[PDB]
Amino acid sequence: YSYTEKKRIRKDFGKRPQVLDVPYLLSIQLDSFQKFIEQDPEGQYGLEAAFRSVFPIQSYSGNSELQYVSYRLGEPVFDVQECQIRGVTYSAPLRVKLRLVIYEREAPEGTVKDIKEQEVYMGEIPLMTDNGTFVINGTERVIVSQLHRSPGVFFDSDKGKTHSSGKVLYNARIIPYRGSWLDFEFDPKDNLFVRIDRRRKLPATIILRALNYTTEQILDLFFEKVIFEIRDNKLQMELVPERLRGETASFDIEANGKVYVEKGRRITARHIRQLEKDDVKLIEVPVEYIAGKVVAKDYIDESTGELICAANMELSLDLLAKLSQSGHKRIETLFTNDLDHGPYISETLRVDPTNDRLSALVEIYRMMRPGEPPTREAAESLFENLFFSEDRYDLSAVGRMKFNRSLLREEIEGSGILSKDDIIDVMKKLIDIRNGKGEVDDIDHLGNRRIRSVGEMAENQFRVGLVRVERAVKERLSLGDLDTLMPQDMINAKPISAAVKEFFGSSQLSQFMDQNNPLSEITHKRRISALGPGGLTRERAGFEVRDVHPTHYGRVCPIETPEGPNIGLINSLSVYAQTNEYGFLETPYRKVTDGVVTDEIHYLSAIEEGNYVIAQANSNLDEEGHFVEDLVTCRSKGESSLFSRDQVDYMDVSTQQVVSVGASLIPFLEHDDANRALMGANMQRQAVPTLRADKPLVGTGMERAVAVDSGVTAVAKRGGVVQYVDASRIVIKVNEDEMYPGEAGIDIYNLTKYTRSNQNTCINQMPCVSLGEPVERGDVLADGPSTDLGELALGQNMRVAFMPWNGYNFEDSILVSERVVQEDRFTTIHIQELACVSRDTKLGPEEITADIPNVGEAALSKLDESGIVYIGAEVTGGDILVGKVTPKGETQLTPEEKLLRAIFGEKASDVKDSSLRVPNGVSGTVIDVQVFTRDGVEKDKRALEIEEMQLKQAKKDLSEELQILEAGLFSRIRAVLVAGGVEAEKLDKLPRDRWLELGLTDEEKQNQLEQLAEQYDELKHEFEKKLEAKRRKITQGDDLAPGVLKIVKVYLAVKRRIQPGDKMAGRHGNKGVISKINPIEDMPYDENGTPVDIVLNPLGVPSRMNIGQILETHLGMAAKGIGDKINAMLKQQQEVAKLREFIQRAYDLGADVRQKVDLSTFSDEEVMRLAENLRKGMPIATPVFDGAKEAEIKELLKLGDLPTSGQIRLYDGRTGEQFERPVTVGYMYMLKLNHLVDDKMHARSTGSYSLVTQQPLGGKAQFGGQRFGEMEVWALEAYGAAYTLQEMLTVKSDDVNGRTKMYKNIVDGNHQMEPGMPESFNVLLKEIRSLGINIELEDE
Amino acid sequence: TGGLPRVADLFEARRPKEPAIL
Amino acid sequence: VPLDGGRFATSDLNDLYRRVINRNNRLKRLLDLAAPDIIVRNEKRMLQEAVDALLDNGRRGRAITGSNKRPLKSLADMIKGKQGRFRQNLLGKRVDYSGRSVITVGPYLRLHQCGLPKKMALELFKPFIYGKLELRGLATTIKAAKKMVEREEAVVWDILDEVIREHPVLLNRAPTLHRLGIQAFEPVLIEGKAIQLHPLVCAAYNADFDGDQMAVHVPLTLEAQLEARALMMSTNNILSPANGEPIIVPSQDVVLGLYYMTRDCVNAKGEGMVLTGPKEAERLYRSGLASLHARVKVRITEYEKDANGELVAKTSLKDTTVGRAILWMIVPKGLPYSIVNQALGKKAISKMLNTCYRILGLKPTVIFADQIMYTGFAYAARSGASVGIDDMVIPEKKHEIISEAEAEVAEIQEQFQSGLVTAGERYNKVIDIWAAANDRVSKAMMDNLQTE
Amino acid sequence: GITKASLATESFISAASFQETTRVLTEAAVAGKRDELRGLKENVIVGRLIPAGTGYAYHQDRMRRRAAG
Amino acid sequence: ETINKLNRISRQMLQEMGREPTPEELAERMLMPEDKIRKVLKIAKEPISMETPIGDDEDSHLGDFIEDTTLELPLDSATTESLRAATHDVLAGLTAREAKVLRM
Amino acid sequence: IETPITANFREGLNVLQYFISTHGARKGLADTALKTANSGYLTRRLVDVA
Ligand SMILES: [Mg+2]
């Protein structure tokens, strides 16, 4: 038991012993990039790999070569914090050693000169945080892992739909990791065709010719041999007795003075056995049998030297004679069977327009790059460059492996290119499939589906950059002088930097981390996407892939996927899943050897799992764990049924692993329909963190793992006692066993305080520990937003009654009491980052000055002398955050205006007001201000104030560091000195600085004193350099964009509570929108007099089938019951025995469950705190498929005092009279999603307009009006309303005259319209007339 | 067959796959 | 036109036109320089390519815009648009005087109105507010009127109350299917940012309360106000255009209300007594003496208009329940007592409204429907309906049915092992036995749940 | 069939909406096809009153005034 | 020509100032006044295609977001038309010769 | 499948039963979400025809 478990324990229902504990939930993300960025001495993927791949670059026969030695990653310019505040990318400089050698002309090689230009710097590459995130523009960003077709060979069908003759077709596809696709496919005529990429179809044999194969060895390759002897006179044949299978006798089959088969008798296994045992090697045949047979090789007349017959030619009774008299004893023919061995390749040849190798190469080259004259060198170059070049083609390791394995090979690793054997083997396999031996693969199978991750993709982009810099280096090495240029001169920064910045900056898979929620981040980081580069499009596929495959089991979550335009194109990684060595998906299993179920864990890939029979997650075994039933439900191949006692190879590890971390948090999931469950785990990620993190009253036991594994919390690196606990920071003193010998003593965790999240929510850490408290290593030292005591709190549980209340909960609409909005529990804190930009216009520079034309003293008050708002000042819409003024000279005012200025004597300014003011309607408090300045422009007064302030604060911080660290160190020396020098009172008199002089008797302890000396001094100067650095990072003018002189970023923290229109939901996929906020007085209350927080609608329960919400309600109620009993007994003040007894009773519960418990934990100081935390309610755990049962719930309710029904009597808070029937009341954990009504709510009358076509366009956070579409027009058309429609599409929108001419009438009190013509159509006239088309407006 | 595609087929006047003759 | 950072952005038509002009001028030059045919011809081909690229790009080489791979859009593409098939009146157009937000319930509403947030109505009616404000003289000039509403001075809310009164607004939801997807209501000023939509209309909109959003539009011109009131008005479409059946039919909470009201148990307080009329029936119930539902004879007076355009009155002793009696107070005039004397399911509760319409006309049907909703909600709340875990009763015979049906599968399995039955026929058999078992358990649980 | 019957329309402004625009405008331009409006789609496009509804009074009144004295 | 030179200096000094040379450095390299860097650097940029697709791949393309800043708001136009009435009333209030002199 | 779900929502479903229910669920969501589009297309064809 850990140290925060003594604080609070979740009562765990459920039977199944956990054999394997939930792993690191961030595994994939971290491991991947950890592989991309790394030094791997050899080729396994990394920067090393791509480097080695393109390098060494050499010139074109100029014998100027640029090799790559080794690389390094410099320390980050700004660490994560500073990089965040400033907005710069978190990256490391890439320093790579390049060696430029010249080869003296001419060689034996070796070298005029090689210049070793010290590591040339190319770009900075982004770094991944400890949490698996990247920061690109001051913002945490996540790169989603990808799912694509694995490289290798793939055999498909496309039966059915093609050709409507049935027949199917069979096709093979060679899919490389990089490079052109090689496709093979049949046709209705059974002619084998080949196409490179998606290009023009070509008869298959044409590629073999390009591999330098004539007709003869093509036939030799795909066909067997039939030997025809003309021996004496007239026609014998070599007969392999198996050849006669699946055929009928065409003539008398006889030999050896014994007739084996008569004409008209189909040759069966009997005849075959007879012939076989009697060993008939040679049989005489008629001269008419070769009338149809196809000759194998070429045949010439030895005398005349003329070609009698070409290879693959059909012999005739006359051709037989013509080659017979030429002295030919032997004739080879194809073995062709329209059932068993098909005559495909032959006919394919008969459709082949080419003859020799070059003849084919011409057609291939003219296929790939048509229209232009072919060349020999060109055809050869292209063809050898396609699948045969180490540059343009790679299957990689996964590719070569899946390739060979699918080809039934031995070697699991080999060349990254194609070999003649490879292509030929693939063709052979396809033909074997068409012939009936072998089966086609399926695309959706997770064995054919490969997972990538950030590392792999970053590597690909960096590779692209390297090829584009390679072209440059070769381009420069063309004309190069000898000893002047070195590598930097050719090798740039920008290309590489731009490749990588393009990846992280803009790609479908690089996105902003979804941080409204600890679950949101962690469930984003485990994610799969079949979209983006090298993937399908939503528009293209198509239902098969989206659908849940049998192979999804234990690998991908069946029930968590998005419910949009892309369904099943995403999914999620399961709980126990992992990326296979080759990059497939594998899930933990338990190996059953003999009859015993072994607790040894075993990982099986998609194909590995295939033939085995896996047992079930829930299966009853006992004692030893031998199977209790004689037969148990299991799944073997693709399906599931009852299986015999020991046939079982394996068993599911956990009753979880099917689902994901999203679904694993849904209590009573087994009782919920898959749709509503999907919606539930989908919305659960949308819960905005609340002000007070509550915790779930009803739980699973995964919430802990989620909270900890996500970086939101603060976990102690090393266990010990807390020296110091502050809301700002926490200092923990390390134990000696965990601690290293030198540098001595403590870990100091600096807690993140109120700061902007990605979603404009707030992220704030609070200490969960107390001054002078023991902490275990790996224990929560603090809680992030929406985490309570190490568990995950996404929302708040509350008292809810199921009953119709006056229609105020009409559909899903939620009716919440006033107690809740007053208790401020569903309140939420927002952090908005607003920016003000001082730019450069030709008229002049913009000023951030507090001198603003046309503002009262009330307006300029909230700004300092410099024009920026004070920290901590509360603001609302319209308040000036940052004063900004831009030059506009010479108004060009008119008549009466002039007259007016003449009367009133105003100096109307040459400066327009651009100042940044709080957006309309949003109201909050300023928590921070930043000022970025061009390096070299004078810092304004305020910015200088800020800089001095940050400087002093920095010195205070660093000083604190050095003080706590030093005290921690000398406190160790004090203890080591007492170790065979012990002087107590003597030692602590003299100045501490003068300690290191005092030594010790001969021993290792003296050397320990030495160590502490070394490390002490190290920290001493480290302080110095650190302060210098920090001061510089403070004072440096941030590098800005062109035109912008300075930028002021104000950070507002708005506080919103809850109001009608906000979206709320349980974990069960039950939505709702708060309708009215009802007084406590009007709330239905019970006999005890305690009102209810929320009134739901029971009509929502039966239709949508989720019965889990009800069970959650009931059990939650029960838990709150135990809690209440404990509160009453603490308020009793009983003592320890009574309390402890009750708590234990609560933890035992009926029999048969796995929880265990005390009296280990200290009977006084510990137990009392456990109860203290337990009085709010008793947190329970309902494992997902192992969760509790009705009987257990009712039993716990008996331990309450509360009814079995879960329903009680309720009284209307209005009339005071009872309600007929009992109504279900309980505690349902509820989430506030962020659909907040003061985000959604929009309105516009007359706003800004679009330039190109004049149409309403919001530019100001002044909104563009609602789009009125076609259907909306049809709606007006069905009604008789013409004028509503005309004004809808003319005056209200598109008519530049109409809108204003209307507006004036609206204010005049006249409702009319003088519409004219909409500007869209008017533009269309010009656009049409711009062509040779004359479109006029006729008549009158 | 049936369903919404049936409706579409009807309104499109499309000749069925294996029709009769009158 | 210029941008921020001093940057520029322009249409691709300038690239294209520029190309055409340059090549044309160059052709003029090559003509005046007396160039060989091979050259001037190439210039003519290039000019043809340029003009073609300008008019419709893609029927030749697909020229790419400056430094950017993406093919430059041409005049033909300027006309075509895309996502269609959509010509910009078609796909949609942004419109002034309009807005949107999340919607909520508002059962207190008459079906002719809707709750409209204060702020929204302020921003939407802005010009009207200006003009009115200076119409009465509260504002010196339009400028000053803006500064008043911008101050949100205390006076203007009273003016907005004026501009709102007779001036309907159009409400629309996202998937507009039939014409009822847009309906006109009367704005009722409401504190909060959410729009309140009458429950009875929730059917036509197909709008749930789970966070669906609705849009508002202001009918500016007078003709649009009268079109909104005499056509698009909520009360004027009570019936589906697809079929004469009422679309204003009460949905869920309300029907559970009227159902729970009018249903009879075998026995309860007040069974078999006699009362002068519905008044003292309700009076009997509210005070707790008589159960909402109990078999009772009460004197009622029904009407029939079956004279010629004239209502006939008749009274009698009806054998009914206290609930039916109370509900009858809502039924106007000519309808018979027969309509409320049944159990009032969602179907019958509809035919009530339909008959009411085809008899008494529009107005009575409207107010009737309103009353039905109100009483439905109220009595549904009184009913204390709920859903518990024990509310769902599993048949006590389920396990046994499962067992026998499970024995069938093993019979057929043994038959397959013995070769008596083939594979396919076997599959059909087992599938049939389980399929029957399902019907068995269903028709068990339904008997148990229904009459027990 | 419906998708075919929709193809037939006299008004080219209407045809250019839901059909292939590029072809419609040409095919109409050669014949010098003169669109009289009349129908709904064209009137919506050109931004004048719908010839249904409240608009029927107007369009009819005009339609008769046209081809007349 | 000038712009081209400017592009070279950065090639010498890119890895040399293992970031990029400050926007003000190339200025001293070059012969001329040295604040001219910003101007020249700005002018040399090419415009962006107004058809440049912005997010969602959806028909929202860059040019669709360019508002008309040259148009005058109806809210102001009304006040102008009102100013006409105000001044007309006021000059109708003075003496006709004073009104003539002021209108003049 | 010849082995129907023998358990209901009130009772707990187990791993298999749920995993098997999943396909039906996803096909449901995808199908309906598609029939939205089909319906729309049909209405469009229809109003274009009339
Ligand atoms: Mg909905």
# chains A, B, ... in the order shown; residues from 1 in each chain; ligands from 1
$ select_by_dssp --residues "chain B" --states "helix (DSSP H, G or I)" --output "ChimeraX atom specification"
/B:3-11
$ select_by_dssp --residues "region 113-312 of chain C" --states "strand (DSSP E or B)" --output "number ranges by chain"
C: 113-117, 169-172, 182-190, 195-196, 213-217, 233, 239, 246, 274-275, 295-304, 306, 310, 312
$ residues_near_ligand --ligand "ligand 1" --cutoff "8 Å" --atoms "only C-alpha atoms and all ligand atoms" --output "PyMOL selection string"
chain C and resi 206-212
$ write_last_selection --atoms "N, CA and C atoms" --output "mmCIF file, in the first residue's frame"
data_model
loop_
_atom_site.group_PDB
_atom_site.id
_atom_site.type_symbol
_atom_site.label_atom_id
_atom_site.label_comp_id
_atom_site.auth_asym_id
_atom_site.auth_seq_id
_atom_site.Cartn_x
_atom_site.Cartn_y
_atom_site.Cartn_z
ATOM 1 N N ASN C 206 -37.329 18.664 -35.347
ATOM 2 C CA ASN C 206 -36.513 17.483 -35.063
ATOM 3 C C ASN C 206 -35.382 17.863 -34.105
ATOM 4 N N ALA C 207 -35.677 18.834 -33.250
ATOM 5 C CA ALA C 207 -34.691 19.400 -32.341
ATOM 6 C C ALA C 207 -34.775 18.793 -30.948
ATOM 7 N N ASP C 208 -33.738 18.057 -30.564
ATOM 8 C CA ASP C 208 -33.622 17.593 -29.190
ATOM 9 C C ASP C 208 -33.036 18.719 -28.352
ATOM 10 N N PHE C 209 -32.918 18.493 -27.051
ATOM 11 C CA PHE C 209 -32.297 19.470 -26.153
ATOM 12 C C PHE C 209 -30.835 19.227 -25.772
ATOM 13 N N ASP C 210 -30.194 18.297 -26.472
ATOM 14 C CA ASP C 210 -28.847 17.829 -26.134
ATOM 15 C C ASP C 210 -27.708 18.768 -26.560
ATOM 16 N N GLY C 211 -28.055 20.009 -26.900
ATOM 17 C CA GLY C 211 -27.086 20.988 -27.367
ATOM 18 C C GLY C 211 -27.239 21.427 -28.808
ATOM 19 N N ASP C 212 -28.367 21.071 -29.407
ATOM 20 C CA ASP C 212 -28.749 21.612 -30.703
ATOM 21 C C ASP C 212 -28.795 23.134 -30.652
#
$ residues_around --residues "region 35-52 of chain D" --least-positions-apart "5" --cutoff "10 Å" --atoms "only C-alpha atoms" --output "number ranges by chain"
A: 1273-1274, 1276-1291, 1294-1295, 1315-1322, 1337-1338; C: 87-90; D: 9-18, 28, 57-60, 63; F: 48
$ residues_around --residues "region 435-437 of chain C" --least-positions-apart "3" --cutoff "8 Å" --atoms "only C-alpha atoms" --output "PyMOL selection string"
chain C and resi 401-402+405+431-432+440-441
$ interface_residues --of "chain C" --to "chain F" --cutoff "10 Å" --atoms "only C-alpha atoms" --output "number ranges by chain"
C: 175-178, 389-390, 392-394, 398-399, 402, 406, 409, 427-435, 437-438
$ write_last_selection --atoms "N, CA, C and O atoms" --output "mmCIF file, in the first residue's frame"
data_model
loop_
_atom_site.group_PDB
_atom_site.id
_atom_site.type_symbol
_atom_site.label_atom_id
_atom_site.label_comp_id
_atom_site.auth_asym_id
_atom_site.auth_seq_id
_atom_site.Cartn_x
_atom_site.Cartn_y
_atom_site.Cartn_z
ATOM 1 N N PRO C 175 -30.591 21.014 -39.949
ATOM 2 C CA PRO C 175 -31.016 20.210 -41.096
ATOM 3 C C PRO C 175 -32.407 20.619 -41.541
ATOM 4 O O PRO C 175 -33.384 20.008 -41.118
ATOM 5 N N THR C 176 -32.508 21.652 -42.366
ATOM 6 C CA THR C 176 -33.816 22.079 -42.820
ATOM 7 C C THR C 176 -34.271 21.080 -43.875
ATOM 8 O O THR C 176 -33.630 20.928 -44.915
ATOM 9 N N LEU C 177 -35.380 20.400 -43.597
ATOM 10 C CA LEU C 177 -35.888 19.357 -44.484
ATOM 11 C C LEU C 177 -37.193 19.784 -45.128
ATOM 12 O O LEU C 177 -37.221 20.159 -46.300
ATOM 13 N N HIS C 178 -38.278 19.740 -44.361
ATOM 14 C CA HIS C 178 -39.534 20.282 -44.853
ATOM 15 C C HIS C 178 -39.646 21.749 -44.454
ATOM 16 O O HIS C 178 -38.834 22.252 -43.679
ATOM 17 N N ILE C 389 -33.838 0.219 -11.072
ATOM 18 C CA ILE C 389 -33.214 -0.978 -11.613
ATOM 19 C C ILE C 389 -34.171 -2.164 -11.517
ATOM 20 O O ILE C 389 -34.098 -3.102 -12.308
ATOM 21 N N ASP C 390 -35.082 -2.109 -10.553
ATOM 22 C CA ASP C 390 -36.044 -3.184 -10.353
ATOM 23 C C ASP C 390 -37.284 -2.961 -11.214
ATOM 24 O O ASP C 390 -38.179 -3.804 -11.254
ATOM 25 N N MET C 392 -37.263 -2.930 -14.323
ATOM 26 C CA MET C 392 -37.107 -3.816 -15.460
ATOM 27 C C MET C 392 -37.117 -5.247 -14.959
ATOM 28 O O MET C 392 -36.175 -5.700 -14.312
ATOM 29 N N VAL C 393 -38.193 -5.956 -15.272
ATOM 30 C CA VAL C 393 -38.420 -7.283 -14.726
ATOM 31 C C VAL C 393 -38.058 -8.370 -15.726
ATOM 32 O O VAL C 393 -38.665 -8.481 -16.789
ATOM 33 N N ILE C 394 -37.061 -9.169 -15.366
ATOM 34 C CA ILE C 394 -36.625 -10.289 -16.182
ATOM 35 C C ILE C 394 -37.563 -11.461 -15.909
ATOM 36 O O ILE C 394 -37.889 -11.730 -14.753
ATOM 37 N N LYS C 398 -36.890 -17.294 -17.890
ATOM 38 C CA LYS C 398 -35.853 -17.047 -18.892
ATOM 39 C C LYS C 398 -34.782 -18.132 -18.931
ATOM 40 O O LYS C 398 -34.516 -18.701 -19.985
ATOM 41 N N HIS C 399 -34.177 -18.407 -17.780
ATOM 42 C CA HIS C 399 -33.103 -19.391 -17.675
ATOM 43 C C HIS C 399 -33.522 -20.758 -18.212
ATOM 44 O O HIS C 399 -32.720 -21.477 -18.815
ATOM 45 N N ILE C 402 -33.828 -20.633 -22.031
ATOM 46 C CA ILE C 402 -32.444 -20.698 -22.474
ATOM 47 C C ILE C 402 -31.932 -22.131 -22.420
ATOM 48 O O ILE C 402 -31.256 -22.581 -23.336
ATOM 49 N N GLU C 406 -31.141 -24.439 -25.547
ATOM 50 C CA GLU C 406 -29.741 -24.836 -25.556
ATOM 51 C C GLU C 406 -29.616 -26.339 -25.746
ATOM 52 O O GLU C 406 -28.596 -26.825 -26.248
ATOM 53 N N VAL C 409 -29.835 -27.242 -29.622
ATOM 54 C CA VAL C 409 -28.560 -27.081 -30.328
ATOM 55 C C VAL C 409 -27.678 -28.314 -30.206
ATOM 56 O O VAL C 409 -26.940 -28.653 -31.127
ATOM 57 N N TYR C 427 -26.849 -25.617 -39.638
ATOM 58 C CA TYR C 427 -26.767 -24.182 -39.355
ATOM 59 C C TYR C 427 -28.146 -23.513 -39.314
ATOM 60 O O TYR C 427 -28.465 -22.770 -38.374
ATOM 61 N N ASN C 428 -28.963 -23.785 -40.328
ATOM 62 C CA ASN C 428 -30.316 -23.245 -40.364
ATOM 63 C C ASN C 428 -31.145 -23.692 -39.166
ATOM 64 O O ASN C 428 -31.898 -22.903 -38.592
ATOM 65 N N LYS C 429 -30.994 -24.957 -38.787
ATOM 66 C CA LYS C 429 -31.754 -25.510 -37.674
ATOM 67 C C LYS C 429 -31.419 -24.802 -36.366
ATOM 68 O O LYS C 429 -32.314 -24.310 -35.668
ATOM 69 N N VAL C 430 -30.129 -24.757 -36.037
ATOM 70 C CA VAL C 430 -29.702 -24.132 -34.790
ATOM 71 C C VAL C 430 -30.100 -22.665 -34.765
ATOM 72 O O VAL C 430 -30.559 -22.150 -33.746
ATOM 73 N N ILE C 431 -29.932 -21.992 -35.898
ATOM 74 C CA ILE C 431 -30.325 -20.591 -35.982
ATOM 75 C C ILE C 431 -31.829 -20.419 -35.731
ATOM 76 O O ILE C 431 -32.263 -19.449 -35.095
ATOM 77 N N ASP C 432 -32.614 -21.388 -36.196
ATOM 78 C CA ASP C 432 -34.064 -21.336 -36.050
ATOM 79 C C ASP C 432 -34.491 -21.549 -34.603
ATOM 80 O O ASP C 432 -35.379 -20.852 -34.103
ATOM 81 N N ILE C 433 -33.863 -22.513 -33.932
ATOM 82 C CA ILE C 433 -34.207 -22.800 -32.539
ATOM 83 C C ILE C 433 -33.905 -21.610 -31.615
ATOM 84 O O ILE C 433 -34.722 -21.253 -30.758
ATOM 85 N N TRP C 434 -32.750 -20.976 -31.807
ATOM 86 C CA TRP C 434 -32.404 -19.802 -31.016
ATOM 87 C C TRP C 434 -33.347 -18.649 -31.349
ATOM 88 O O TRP C 434 -33.829 -17.949 -30.451
ATOM 89 N N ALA C 435 -33.613 -18.466 -32.642
ATOM 90 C CA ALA C 435 -34.551 -17.436 -33.087
ATOM 91 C C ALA C 435 -35.924 -17.591 -32.438
ATOM 92 O O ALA C 435 -36.592 -16.603 -32.134
ATOM 93 N N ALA C 437 -36.380 -19.179 -29.474
ATOM 94 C CA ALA C 437 -36.118 -18.921 -28.059
ATOM 95 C C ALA C 437 -36.238 -17.440 -27.714
ATOM 96 O O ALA C 437 -36.819 -17.074 -26.684
ATOM 97 N N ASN C 438 -35.679 -16.595 -28.576
ATOM 98 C CA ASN C 438 -35.750 -15.148 -28.384
ATOM 99 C C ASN C 438 -37.197 -14.663 -28.277
ATOM 100 O O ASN C 438 -37.552 -13.907 -27.368
#
$ interface_residues --of "chain B" --to "chain D" --cutoff "8 Å" --atoms "only C-alpha atoms" --output "ChimeraX atom specification"
/B:11-14
$ write_last_selection --atoms "C-alpha atoms" --output "PDB file, in the first residue's frame"
ATOM      1  CA  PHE B  11     -38.450   7.871 -59.097  1.00  0.00           C
ATOM      2  CA  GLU B  12     -35.571   7.299 -61.511  1.00  0.00           C
ATOM      3  CA  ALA B  13     -37.761   4.970 -63.590  1.00  0.00           C
ATOM      4  CA  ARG B  14     -34.812   2.569 -63.793  1.00  0.00           C
TER       5      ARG B  14
END
$ interface_residues --of "chain B" --to "chain F" --cutoff "9 Å" --atoms "only C-alpha atoms" --output "JSON, numbers by chain"
{"B": [4, 5, 8, 11]}
